[PDB]
Amino acid sequence: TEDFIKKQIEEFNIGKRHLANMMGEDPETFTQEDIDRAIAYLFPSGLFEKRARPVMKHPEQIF
Amino acid sequence: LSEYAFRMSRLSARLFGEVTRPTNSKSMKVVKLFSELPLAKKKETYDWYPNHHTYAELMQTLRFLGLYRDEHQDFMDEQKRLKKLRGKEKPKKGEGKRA
Amino acid sequence: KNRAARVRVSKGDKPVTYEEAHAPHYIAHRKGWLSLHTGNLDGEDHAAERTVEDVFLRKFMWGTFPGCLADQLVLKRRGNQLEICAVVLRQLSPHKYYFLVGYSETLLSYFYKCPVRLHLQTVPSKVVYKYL
Amino acid sequence: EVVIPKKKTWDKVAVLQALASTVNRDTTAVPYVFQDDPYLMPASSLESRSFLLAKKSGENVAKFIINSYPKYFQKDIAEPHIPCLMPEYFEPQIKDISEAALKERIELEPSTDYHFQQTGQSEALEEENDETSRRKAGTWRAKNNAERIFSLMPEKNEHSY
Amino acid sequence: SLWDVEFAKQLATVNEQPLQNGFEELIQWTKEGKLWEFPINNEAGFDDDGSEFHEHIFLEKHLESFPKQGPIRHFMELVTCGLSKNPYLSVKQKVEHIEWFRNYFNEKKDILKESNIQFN
Amino acid sequence: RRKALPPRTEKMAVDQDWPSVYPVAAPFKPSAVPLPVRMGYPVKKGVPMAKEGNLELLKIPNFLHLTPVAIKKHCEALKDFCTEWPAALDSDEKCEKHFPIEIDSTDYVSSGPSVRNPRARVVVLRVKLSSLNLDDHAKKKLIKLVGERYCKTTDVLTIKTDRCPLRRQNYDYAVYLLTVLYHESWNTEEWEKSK
Amino acid sequence: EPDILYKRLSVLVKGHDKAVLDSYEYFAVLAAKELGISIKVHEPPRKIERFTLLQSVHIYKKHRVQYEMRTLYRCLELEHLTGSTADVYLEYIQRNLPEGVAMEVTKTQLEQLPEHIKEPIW
Amino acid sequence: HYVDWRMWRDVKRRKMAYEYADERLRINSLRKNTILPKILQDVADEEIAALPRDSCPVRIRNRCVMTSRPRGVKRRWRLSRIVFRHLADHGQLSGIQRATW
RNA sequence: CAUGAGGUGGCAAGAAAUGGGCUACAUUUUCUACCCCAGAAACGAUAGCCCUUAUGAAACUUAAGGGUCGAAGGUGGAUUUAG
Ligand SMILES: [Mg+2]
């Protein structure tokens, strides 16, 4: 159980690193709001449901 | 309406491309029809049904060669073979009413 | 009972996926669209030919891969650049997959006057979501 | 007052070098001729060779199955007409001719059949698209065919040599 | 002719570049002639035989074997007004229509003679 | 048969350029992109669908190829093809007094191999009849010959020209119509006394 | 030969949903501000095409499943662009065109007076 | 290989009307007139009546391209109102969504 | 070697029972320009008939316009439905 959580955490942080690198800002100042804005700009999901939105937060909220 | 307005209307009809002499309501339909394309020879009318012949021929060719593995034709052939081995084969020429 | 394309809830033994598992009224809410082209807007025409091409492509992809596919296929009609982006199973040799992909691309580019490039996805089997 | 500059009519080569020839290549990039998924990623060299050979064989068999049935590629829908929609034919269109039919069967069981047809229908041998093709393709048989084409009639000397 | 083909094959063999990214893919797609020229214009392959507007609009050059007064000239003016406002046809279709009308008039000469008018 | 090869997850460093990975419109392949994107309809006790086999992410037109640095480089690389707009045409007054003739274009898009369109062959000639030799009798004659197509407020002429399947031919026909219109100012007849 | 200069152009993009159209408009305004064109953009009213179809095929008139067609409109107000600049912009837009939008180009060219307009002959 | 004869007859009538149409159009134009000599109308009627059927646009019936249904066919997509609804409920064609208001 | 397929015409005609939609059954209605500070005549839709018009090769009907005649009508009692 904990191994899968650690895998999800490392995948999340490497994805955050890659996003901060492709956007052009510092990864320390790359807050979660900027992450959500970048995901919404790169993945424009045009639906009506608020649960079917592309999210990339900490695994504490997904699991 | 006077002579000046009539001459202006005549000049406008000659410029835009109408008829100088006055016409009637029954002679304008043919003009407006020749000014357009008939419904029997337009874009989407004669090509209403797609040419299914070439598609059927391509499907049969892929079936004979063994490419488009259609299970419906396989089931039909299976049912035909079962009906033939049961005792009801396809009728041939010379068996039925006469013989 | 309005029996639609939704999966019936009976015994827990059908490995239903995620696509057609939802109700047909949750398309614009909890789903999406397989095909996408300009023919579905106001002021445009030639939608019958697009639908015929789409259904023919679906039948061809289902016939040429008797079990090699998982769910369906996403269509992207970008004017004159069709892309049959889908998935692939891990059961056959990569040579056969490359051969089939090349043959399909050549047939599309030489028949429908449109180049096609695929983007295969490595999945073990069908993307199952519920064992109901 | 108003200065109207000259016009610039560019084609595809300009925008090519302006857009595609500017973005650099990734460090650990893979050749785009194959695929991108890990199951089809070109790892070693033998896998890449096998994938390329399979792609070539698929293209060849596709061209074969397309040119096998010419009756399935005769409907042109696009008005601008893409030039990649004209299938190639291997059968002559006029069988009453002799030299033209032989040339169509050879270039535009090939060279020997054309020579036999020209000998049967009494056709003259030319110095272009004949002796050179027989000497290249068809090395005793090719040399004999070239000598026969040179000694059949008084054609060009440089081409025969 | 085979030497030129061999030379072209050797050139294509010595000047080949493997595809690295999608840029080369789209370059090959454009050079092969698959997509539309991107200067997307409704004039490629649609010049209508290069006929100008004086032959499309003005049809005065097609009134020779027809009178100037009577119902025949009225019908000619009507069909001229109809063809002049037809953006779906071209000059060839109008010429064919005029030729067919002339043939129909010449075939039924007694009808035109007895129609209380003289076909000039 | 079966194999196992590491994707781009272990190949991307820390300073890898994004447009160098996907320079073309990629449909986002989750097998190579190590971005843990998740979306769909979750449940009460569970997690939603991830990225493997996610057809919803494939349906969504992703714009990963529209990297801001790539946009900057494309904008800086296309500065040579851009000409120069003169300062005399910035104001609308001088731009309209020096260039009153306007020719609208029609360029639509299709979804098939054919690009034909009978509606894309019409030009809208919007010439403001206010910068010419419009006197009194000529202006009255032009107004009476036009009718309602010429607006008396903004003084903008609107003539729908679409009688040939070409645009340059439509422009030439519109120019010829304007020529015939202006010929009435210098060539009279004999019906002006009974006005 | 002198080049043609354009005045205005309305290259609007229509989409089924809203997110993809908003992202495309954002990309367009980014590409516009990264050049020095300074364009405007507003939100025209939307249209919804509706049609009613039968839910079954037999004697079931009391149940009808209607279907809509949601689409949006976002036009770009461009100003001060020559012929070459407009062609380059159209090329860059078409090189990043989605697979479910429309595009109509209405560019008006500038011209003083033609050859035969002052004192022509016939 | 075909399975139905009704769709075949319909498409054959459509093709024969597309082939034979300019003559009928000219005859219909020569018919409807104000004055015109009556002999021209008479010979036009004789020519249009001497030609057999299976070419008149009235004999054209708009049916589906897969099911051949004469009633309940939208001219936008040219098909029956059942297969289109099923494909729309499956989630294929964009825009065509269930009316939620 | 049909219960199959192609060509021409006919099939919506009336002793009689029955459901639904519309119309009105006068000063709440009808008409005239402004849709209610107005005036006037103590009311409307349909058999059938004649002419003509959009498409249709030719109206035995479902479309519309014009014209003398213009049929029970003068607010419904055995039972019911929705807001
Ligand atoms: Mg229900």
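Sequence neighbours fewer than 8 away in the same chain don't count; with that in mind, list the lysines whose C-alpha is under 22 Å from residue F:144. Result set, ordered by chain and number: F:128, F:152, F:160, F:193, F:195, G:118.
From most to least packed by mean Cβ count within 10 Å, the peptides D:145-156, E:44-55 give D:145-156, E:44-55. Annotation note: trypsin sites (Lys or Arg not before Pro) in the stretch D:29-94 located in DSSP loop regions with a Cβ neighbour count of at most 15 within 10 Å are D:75. Figure legend: label point modelled 7 angstrom from the Cα of residue C:13 along Cα→Cβ; residues of the stretch C:108-132 with amide N under 16 Å from it are C:131-132. When the alpha carbon gyration tensor of the stretch F:49-152 is reduced to an equivalent ellipsoid, the three semi-axes, largest first, read 48, 24, 12 Å. Relative contact order for chain C: 32 percent, from Cα pairs under 8 Å spaced at least 6 residues apart, divided by residue count. Overall dimensions of chain D, expressed as equivalent-ellipsoid semi-axes from the Cα gyration tensor (√(5λ), whole Å, largest first), are 46, 28, 21.
So what is the calculated 222 nm ellipticity per residue for the protein assembly as shown, using -39500 (n - 2.57) for each DSSP H run with n of 4 or more, over all residues, to the nearest 500 deg cm²/dmol? Each step should come with its number before you reach the end.
Working: 34 runs with 385 residues, N = 993.
For the protein assembly as shown, the value works out to -12000 deg cm²/dmol.
Amide H contacts of residue H:74: H:79, each under 5 Å away and 5 or more positions distant or on a separate chain (H built 1.01 Å from N in the peptide plane; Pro and chain starts excluded).
Sorted from largest to smallest, which semi-axis lengths in Å does the alpha carbon gyration tensor of chain E give for its equivalent ellipsoid, taking the root of 5 times each eigenvalue? Don't jump to the answer; show the numbers that get you there.
On the way: eigenvalues 682, 67, 20 Å².
Calculated on Cα positions only, the semi-axes equal 58, 18, 10 Å.
If the Kirkwood radius is taken over C-alpha pairs of chain F, then at 25 °C and 0.890 mPa s the Stokes-Einstein diffusion coefficient equals 102 µm²/s. According to the Cα-based calculation, Rg over Rh for the stretch G:43-114 is 1.27, with Rh computed by the Kirkwood formula. Sparsely packed loop sites in the stretch A:26-57 (the GluC sites (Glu not before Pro) outside DSSP H, G, I, E and B with at most 10 other Cβ atoms within 10 Å) comprise A:28. The fewest-to-most ranking of B:98, H:75 by surrounding Cβ atoms within 10 Å reads B:98, H:75.
Direction-averaged shadow area of the convex hull around the Cα atoms of the stretch D:1-90, nm²?
12.5
Over chain G, the Kirkwood radius and the radius of gyration, each from Cα atoms, give a ratio Rg/Rh of 1.21. Just to check, using Stokes-Einstein with a Kirkwood Rh over alpha carbon pairs, what's the diffusion coefficient of the stretch D:80-161 at 4 °C and 1.567 mPa s in µm²/s? So the translational diffusion coefficient is about 94 µm²/s. Against the main long axis of the alpha-carbon atoms of chain E, helix E:91-107 sits at an angle near 30°.
Scattering from the stretch D:64-108 was approximated by placing one identical point on each alpha carbon and applying the Debye formula without solvent; log10 I(q)/I(0) at 0.16, 0.23, 0.24, 0.29 1/Å stands at -0.59, -0.87, -0.89, -1.00. Rounded to the nearest 20 debye, the dipole magnitude of chain B is 640 debye, with +1 charges on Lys and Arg beta carbons, -1 on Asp and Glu beta carbons, and the Cα centre as origin.
Sorted on the mean count of surrounding Cβ atoms within 10 Å across their residues, most packed first, peptides G:62-73, F:171-182 read F:171-182, G:62-73.
As an exercise, find the ratio Rg/Rh for chain C from alpha-carbon atoms, using the Kirkwood inverse-distance average for Rh. List each step's numbers first, then the result.
Working: Rg = 16.8 Å, Rh = 16.9 Å.
Value, to two decimals: 1.00.
Between residue B:81 and residue C:95, take the C-beta separation as r, use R0 = 45 Å, and let me know the FRET efficiency to the nearest 0.05.
Working: r = 35 Å, r/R0 = 0.77.
Working from the Cβ atoms, E equals 0.85.
Taken over the C-alpha atoms, chain A has Rg and Dmax values of 12.7, 35 angstrom.
Counting neighbouring Cβ atoms within 10 Å and putting the fewest first, the residues A:34, G:17 line up as A:34, G:17.
How shielded is D:61-68 by partner chains, expressed as the average number of their Cβ atoms within 10 Å of its Cβ atoms? Write out the running numbers ahead of the final one.
On the way: counts 4, 8, 2, 0, 7, 4, 0, 2.
Neighbouring Cβ atoms belonging to other protein chains average 3 per residue here.
Cross-link check: pairs A:6/F:3; B:93/H:12; E:108/H:32; B:43/E:94 evaluated at a Cα-Cα cut-off of 23 Å; pairs beyond the cut-off: A:6/F:3; B:93/H:12. Grouping the Cα pair distances of chain B into 5 Å bins from zero gives a pair-distance distribution of 2, 8, 8, 9, 8, 8, 7, 6, 5, 5, 4, 5, 6, 5, 5, 5, 3, 2, 1, 0 percent in increasing distance order. Shielding value for B:11-17 is 5, the average number of Cβ atoms from other chains within 10 Å of each residue's Cβ.
Note on chain C: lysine pairs with Cα distance below 19 Å, sequence gap of 8 or more or different chains, count 10.
One quarter of the convex hull surface built on the alpha carbon atoms of the stretch H:1-91 amounts to 8.5 nm², the projected area averaged over directions.
Using equal-weight Cα scatterers in the Debye expression, the normalised intensity of the stretch D:1-41 in log10 at q = 0.15, 0.26, 0.30 Å⁻¹ is -0.64, -0.94, -1.02. Distances between placed amide hydrogens fall under 5 Å for residue G:74 paired with G:13, all partners being 5 or more residues away or on another chain.
With viscosity set to 0.692 mPa s at 37 °C, what whole-number translational diffusion coefficient in µm²/s follows for the stretch F:103-195 from Stokes-Einstein and a Kirkwood radius over Cα pairs?
On the way: Rh = 15.4 Å.
For the chosen part, D equals 213 µm²/s.
Once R0 is set to 45 Å, what does the formula 1/(1 + (r/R0)^6) return for the Cβ-Cβ distance between residue H:74 and residue F:43, expressed as a FRET efficiency to the nearest 0.05? Write down the numbers at each step before the final one.
On the way: r = 39 Å, r/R0 = 0.86.
E between residue H:74 and residue F:43, to the nearest 0.05, is 0.70.
In this structure the amide hydrogen of residue G:10, modeled in the peptide plane, comes within under 5 Å of the amide hydrogens of G:106, none closer than 5 places in sequence on its chain. If you wrap the tightest convex hull around every Cα atom of the protein assembly as shown and split its volume per residue, you get 308 Å³. In this rough spin-label picture, where each label sits 7 Å from Cα along the Cβ direction, the residue B:67-residue C:21 distance is 3.7 nm. In this calculation the C-beta distance from residue E:63 to residue F:81 is compared with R0 = 51 Å, giving a FRET efficiency of 0.50.
Legend: ranking of residues F:135, F:155, F:104 from fewest to most surrounding C-beta atoms inside 10 Å; resulting order F:135, F:155, F:104. Residue by residue along G:71-78, Cβ atoms of other protein chains within 10 Å of the local Cβ number 1 on average.
Here is the list for the stretch F:71-157: trypsin sites (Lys or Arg not before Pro) lying in DSSP coil, each with at most 13 other C-beta atoms within 10 angstrom of its C-beta, are F:79, F:149, F:152.
Each value in this text was obtained by applying a stated rule to the coordinates, not by laboratory testing. Cβ: placed from backbone, ideal geometry, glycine included. Neighbour counts: every protein chain shown.
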